[PDB]
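A.B. asks: Sequence below, structure please.
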Amino acid sequence: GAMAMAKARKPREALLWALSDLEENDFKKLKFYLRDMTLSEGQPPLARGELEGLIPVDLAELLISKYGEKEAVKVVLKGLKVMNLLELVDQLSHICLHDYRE
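C.D. replies: Numbers count the residues shown, from 1 in each chain. Here you go, the structure:
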């Protein structure tokens, strides 16, 4: 509330830039367990190149389509929390409606 002079941003682009703002050995760790349960598969096995080699707009677009763009973004932050990735998540969350997740 109050302060902060930043125009409107893009939510979808926030997930791509955020998920990429973290190391592959991080996003995968969460998606490995978080997605495993929260979601019902829909991607290849262990692959650190999924983030480093490939791109976020590619892996993200597939994830959002897997179960949904909604829980998709949440699956990133929700699992990123236990990782202490509040650094970049600070905005991403406030840009994807963190209120949706506890």
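
A.B. asks: ok, and the closest non-adjacent residue to the residue nearest to the spatial centre of the chain?
C.D. replies: Nearest to the mean C-alpha position of the chain, by CA atoms, centre = their mean, lies residue 76 at 3.2 Å. In this structure, residue 76 finds its nearest non-sequential neighbour in residue 19, 5.4 Å apart by CB to CB, 6 or more residues apart in numbering. C-beta: built from backbone N, CA, C; applies to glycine.

A.B. asks: for the host helix or strand of that neighbour, packing partners?
C.D. replies: Assessed by DSSP states H and E, residue 19 sits inside helix 11-21. Helix 11-21 is packed against helix 56-66, helix 69-81, helix 86-95, with contacts defined by 3 or more CB pairs under 8 Å, 6 or more residues apart in numbering; DSSP states H and E.

A.B. asks: Using TSV, lay out those together with distance to residue 31.
C.D. replies: Formatted as TSV, the helices and strands packed on helix 11-21 follow (distance: least, CB to CB, whole Å):
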stretch	distance to residue 31
helix 56-66	8
helix 69-81	7
helix 86-95	15
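
A.B. asks: which of those sits most buried?
C.D. replies: Across the helices and strands packed on helix 11-21, averaging neighbours per residue (mean count of other CB atoms under 10 Å) puts helix 69-81 on top, at a mean of 21.

A.B. asks: Centre of the chain to that one, how far?
C.D. replies: Relative to its parent chain, helix 69-81 has a centroid offset of 5 Å by CA atoms, centre = their mean, to the nearest Å.

A.B. asks: if I read this right, the residue nearest to the centre of the chain contacts residue 30, doesn't it?
C.D. replies: Yes - counting by CB atoms under 8 Å, residue 30 is a contact partner of residue 76 at 7.1 Å.

A.B. asks: mind saving the C-alpha coords of the helix holding residue 19 as PDB?
C.D. replies: The C-alpha atoms that make up helix 11-21 are tabulated as PDB, following Å, rounded to 0.1, in the frame of the first residue of the first chain:
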ATOM      1  CA  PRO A  11       1.400 -11.900 -15.300                       C
ATOM      2  CA  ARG A  12       2.200 -14.700 -17.800                       C
ATOM      3  CA  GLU A  13       5.600 -13.100 -18.600                       C
ATOM      4  CA  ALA A  14       6.200 -13.000 -14.900                       C
ATOM      5  CA  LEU A  15       6.200 -16.700 -14.600                       C
ATOM      6  CA  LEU A  16       8.600 -17.100 -17.500                       C
ATOM      7  CA  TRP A  17      11.000 -14.500 -16.200                       C
ATOM      8  CA  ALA A  18      10.600 -15.800 -12.600                       C
ATOM      9  CA  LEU A  19      10.900 -19.500 -13.200                       C
ATOM     10  CA  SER A  20      14.100 -18.600 -15.200                       C
ATOM     11  CA  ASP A  21      15.300 -16.300 -12.400                       C
END
